There are 2 protein chains.
Amino acid sequence: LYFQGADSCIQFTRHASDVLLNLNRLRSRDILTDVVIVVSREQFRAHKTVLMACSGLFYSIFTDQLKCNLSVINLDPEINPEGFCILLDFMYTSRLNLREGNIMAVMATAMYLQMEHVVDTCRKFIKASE
Amino acid sequence: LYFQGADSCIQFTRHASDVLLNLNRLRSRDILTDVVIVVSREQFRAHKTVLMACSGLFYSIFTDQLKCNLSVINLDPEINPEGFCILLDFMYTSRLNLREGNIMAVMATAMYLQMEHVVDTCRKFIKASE
Ligand SMILES: Cn1c(=O)c2c(c3cc(Nc4ccnc(Cl)c4C#N)ccc31)N[C@@H](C1CC1)C(F)(F)CO2
Ligand SMILES: Cn1c(=O)c2c(c3cc(Nc4ccnc(Cl)c4C#N)ccc31)N[C@@H](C1CC1)C(F)(F)CO2
Ligand SMILES: [Cl-]
Ligand SMILES: [Cl-]
């Protein structure tokens, strides 16, 4: 449940994961979602704070004085919707559903979105299959 | 960095804590904060999604069709501002700064805010000092 942290302060082991679980439940129920990400013919509702916390691209967009107030964000039409969906799920769950059939699209999408450790992980899995 | 989850899916160990760290950085810079919590003469800016994810009281308030749109929320004037501050910091960090001089106020505030495991932890620490 809790432990003594290195800073001599009480820390709750599952707190961060339980907060993320609740943020994903709010997303699933469309509660307090404040942006729709458009990827070709597909739309994905989300919370800007979670997107900024998980992506260098979204962090840049939503800290821009003009774009921070947009309710619709259109991604590059070359982005694969399934690749984006897999990464949005990862943002809200810490689970990345990589498969042989989606890894190239997930990697290209993570490069565009500036999610470096995901890109590095994709490169390592690709290197193992060559 | 990552591991094979029980659901045979790749999971990133530090993802949830790193997201929470970024949400606290946005709070510290007042980025995308969408509510001010008023506690007697003190004001605390925050993100409604994080408050709802961490409190039964805030979850009820921000799911109410009328209150979900309020930009200012006034707490009961009997709530101690320091106790609220300690709990808001806990929400964004997983670290609870309990001390002999603040534990009663933190416990009463956590009861009001419906943060059960925090209340239980406070009760256990109080029981040890009697
Ligand atoms: C480059 N980059 C990544 O490669 C990356 C990111 C990531 C996040 C920001 N956002 C921030 C940076 C710094 N400060 C502030 Cl307030 C914010 C905010 N808000 C920026 C660049 C990023 N986030 C992680 C999650 C934390 C775990 C991710 F795994 F989802 C993908 O990897
Ligand atoms: C009663 N109660 C607590 O006692 C409690 C809570 C807590 C949260 C909600 N919020 C939700 C519930 C269910 N579903 C959805 Cl979408 C939401 C949302 N959003 C409700 C009741 C709660 N949150 C945890 C953090 C998760 C770790 C806390 F540690 F900060 C304090 O303990
Ligand atoms: Cl302990
Ligand atoms: Cl592994």
# chains A, B, ... in the order shown; residues from 1 in each chain; ligands from 1
$ interface_residues --of "chain B" --to "chain A" --cutoff "7 Å" --atoms "only C-alpha atoms" --output "list in words"
residues 9, 10, 11, 12, 15, 16, 17, 19, 20, 22, 23, 32, 49, 53, 54, 94, 95, 96 and 97 of chain B
$ write_last_selection --atoms "C-alpha atoms" --output "compact mmCIF listing (two decimals), in the first residue's frame"
# COMPACT_ATOMS: atom_id res chain seq x y z
CA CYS B 9 1.34 -7.29 -23.92
CA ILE B 10 4.44 -4.99 -23.57
CA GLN B 11 4.13 -2.74 -20.48
CA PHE B 12 6.30 0.26 -19.59
CA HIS B 15 4.96 5.23 -17.68
CA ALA B 16 2.26 6.02 -15.08
CA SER B 17 4.68 7.78 -12.69
CA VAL B 19 2.78 10.86 -16.76
CA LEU B 20 1.96 12.01 -13.20
CA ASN B 22 4.40 15.72 -16.24
CA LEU B 23 0.88 16.51 -14.94
CA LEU B 32 -4.13 23.89 -18.94
CA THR B 49 -9.41 15.34 -14.38
CA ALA B 53 -9.19 10.71 -10.51
CA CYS B 54 -8.10 11.24 -6.84
CA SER B 94 1.98 9.88 -4.76
CA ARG B 95 3.86 11.36 -1.78
CA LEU B 96 1.95 12.21 1.39
CA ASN B 97 3.77 14.56 3.76
$ residues_around --residues "residue 55 of chain A" --least-positions-apart "4" --cutoff "8 Å" --atoms "only C-alpha atoms" --output "PyMOL selection string"
chain A and resi 51+59+113-115
$ atom_distance --atom1 "atom CA of residue 30 of chain B" --atom2 "atom 21 (C, counted along the ligand's line) of ligand 2"
24.9 Å
$ select_by_dssp --residues "chain A" --states "alpha helix (DSSP H)" --output "NGL selection string"
:A and (15-28 or 48-54 or 56-63 or 81-93 or 103-113 or 116-129)
$ atom_distance --atom1 "atom 18 (C, counted along the ligand's line) of ligand 2" --atom2 "atom CA of residue 75 of chain A"
28.3 Å
$ select_by_dssp --residues "chain A" --states "strand (DSSP E or B)" --output "number ranges by chain"
A: 2-4, 10-12, 35-39, 42-46, 72-74, 95-96
$ write_last_selection --atoms "N, CA and C atoms" --output "CSV table (one decimal), in the first residue's frame"
chain,number,residue,atom,x,y,z
A,2,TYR,N,1.8,1.4,1.0
A,2,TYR,CA,2.6,2.6,1.1
A,2,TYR,C,4.0,2.2,1.6
A,3,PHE,N,5.0,3.0,1.4
A,3,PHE,CA,6.3,2.8,1.9
A,3,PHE,C,7.1,4.1,2.2
A,4,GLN,N,8.2,4.0,2.9
A,4,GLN,CA,9.0,5.2,3.2
A,4,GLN,C,9.9,5.5,2.0
A,10,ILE,N,6.0,9.5,3.1
A,10,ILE,CA,5.2,8.3,2.8
A,10,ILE,C,4.8,8.3,1.3
A,11,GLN,N,5.0,7.2,0.6
A,11,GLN,CA,4.7,7.1,-0.8
A,11,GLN,C,3.7,6.0,-1.1
A,12,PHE,N,2.7,6.2,-1.9
A,12,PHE,CA,1.7,5.2,-2.2
A,12,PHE,C,2.1,4.4,-3.5
A,35,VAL,N,-10.6,17.6,-26.5
A,35,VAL,CA,-10.1,17.7,-27.9
A,35,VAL,C,-10.4,16.5,-28.7
A,36,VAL,N,-10.5,16.6,-30.0
A,36,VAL,CA,-10.7,15.5,-30.9
A,36,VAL,C,-9.5,15.5,-31.8
A,37,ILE,N,-8.8,14.3,-31.9
A,37,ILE,CA,-7.7,14.2,-32.8
A,37,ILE,C,-8.2,13.5,-34.0
A,38,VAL,N,-8.0,14.1,-35.2
A,38,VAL,CA,-8.5,13.6,-36.4
A,38,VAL,C,-7.4,13.0,-37.2
A,39,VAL,N,-7.5,11.7,-37.6
A,39,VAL,CA,-6.5,10.9,-38.3
A,39,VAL,C,-7.2,10.3,-39.5
A,42,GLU,N,-10.8,9.0,-39.2
A,42,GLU,CA,-11.1,8.6,-37.9
A,42,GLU,C,-10.9,9.7,-36.8
A,43,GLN,N,-11.7,9.7,-35.8
A,43,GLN,CA,-11.7,10.7,-34.8
A,43,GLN,C,-11.5,10.0,-33.4
A,44,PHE,N,-10.6,10.6,-32.6
A,44,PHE,CA,-10.3,10.1,-31.3
A,44,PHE,C,-10.4,11.2,-30.2
A,45,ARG,N,-11.3,11.0,-29.3
A,45,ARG,CA,-11.5,12.0,-28.2
A,45,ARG,C,-10.5,11.8,-27.1
A,46,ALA,N,-10.0,12.8,-26.5
A,46,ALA,CA,-9.0,12.7,-25.5
A,46,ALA,C,-8.9,13.9,-24.6
A,72,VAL,N,-10.2,20.8,-32.0
A,72,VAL,CA,-10.0,19.8,-33.1
A,72,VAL,C,-8.5,20.0,-33.5
A,73,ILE,N,-7.8,18.9,-33.6
A,73,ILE,CA,-6.4,18.8,-34.1
A,73,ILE,C,-6.3,17.8,-35.2
A,74,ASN,N,-5.9,18.2,-36.4
A,74,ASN,CA,-5.8,17.3,-37.5
A,74,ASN,C,-4.4,16.8,-37.6
A,95,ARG,N,0.4,0.1,-21.6
A,95,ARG,CA,0.5,-1.1,-22.4
A,95,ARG,C,0.5,-0.8,-23.9
A,96,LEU,N,1.5,-1.3,-24.5
A,96,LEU,CA,1.8,-1.1,-26.0
A,96,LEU,C,1.5,-2.4,-26.7
$ residues_around --residues "residue 78 of chain B" --least-positions-apart "5" --cutoff "12 Å" --atoms "only C-alpha atoms" --output "PDB file with N, CA and C atoms, in the first residue's frame"
ATOM      1  N   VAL B  38     -11.048  26.934  -3.805  1.00  0.00           N
ATOM      2  CA  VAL B  38     -10.936  27.962  -2.786  1.00  0.00           C
ATOM      3  C   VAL B  38     -11.131  27.324  -1.412  1.00  0.00           C
ATOM      4  N   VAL B  39     -10.158  27.525  -0.516  1.00  0.00           N
ATOM      5  CA  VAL B  39     -10.169  26.941   0.824  1.00  0.00           C
ATOM      6  C   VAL B  39      -9.895  28.091   1.777  1.00  0.00           C
ATOM      7  N   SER B  40     -10.974  28.646   2.339  1.00  0.00           N
ATOM      8  CA  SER B  40     -10.917  29.814   3.201  1.00  0.00           C
ATOM      9  C   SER B  40     -10.223  30.996   2.443  1.00  0.00           C
ATOM     10  N   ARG B  41      -9.068  31.513   2.900  1.00  0.00           N
ATOM     11  CA  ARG B  41      -8.441  32.630   2.179  1.00  0.00           C
ATOM     12  C   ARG B  41      -7.419  32.169   1.133  1.00  0.00           C
ATOM     13  N   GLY B  83      -3.913  21.304   5.101  1.00  0.00           N
ATOM     14  CA  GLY B  83      -4.355  19.925   4.913  1.00  0.00           C
ATOM     15  C   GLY B  83      -4.743  19.684   3.465  1.00  0.00           C
ATOM     16  N   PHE B  84      -5.486  20.640   2.874  1.00  0.00           N
ATOM     17  CA  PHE B  84      -5.839  20.531   1.456  1.00  0.00           C
ATOM     18  C   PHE B  84      -4.569  20.557   0.580  1.00  0.00           C
ATOM     19  N   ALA B 105      -5.590  17.409  10.557  1.00  0.00           N
ATOM     20  CA  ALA B 105      -6.170  18.216   9.482  1.00  0.00           C
ATOM     21  C   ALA B 105      -6.153  17.445   8.167  1.00  0.00           C
ATOM     22  N   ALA B 108      -9.035  14.781   8.408  1.00  0.00           N
ATOM     23  CA  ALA B 108     -10.369  15.384   8.268  1.00  0.00           C
ATOM     24  C   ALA B 108     -10.617  15.821   6.811  1.00  0.00           C
ATOM     25  N   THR B 109      -9.574  16.371   6.168  1.00  0.00           N
ATOM     26  CA  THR B 109      -9.691  16.824   4.783  1.00  0.00           C
ATOM     27  C   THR B 109      -9.882  15.624   3.845  1.00  0.00           C
ATOM     28  N   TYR B 112     -13.511  14.417   4.053  1.00  0.00           N
ATOM     29  CA  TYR B 112     -14.350  15.331   3.280  1.00  0.00           C
ATOM     30  C   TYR B 112     -14.187  15.065   1.768  1.00  0.00           C
TER      31      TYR B 112
END
$ atom_distance --atom1 "atom CA of residue 111 of chain A" --atom2 "atom CA of residue 27 of chain A"
23.9 Å
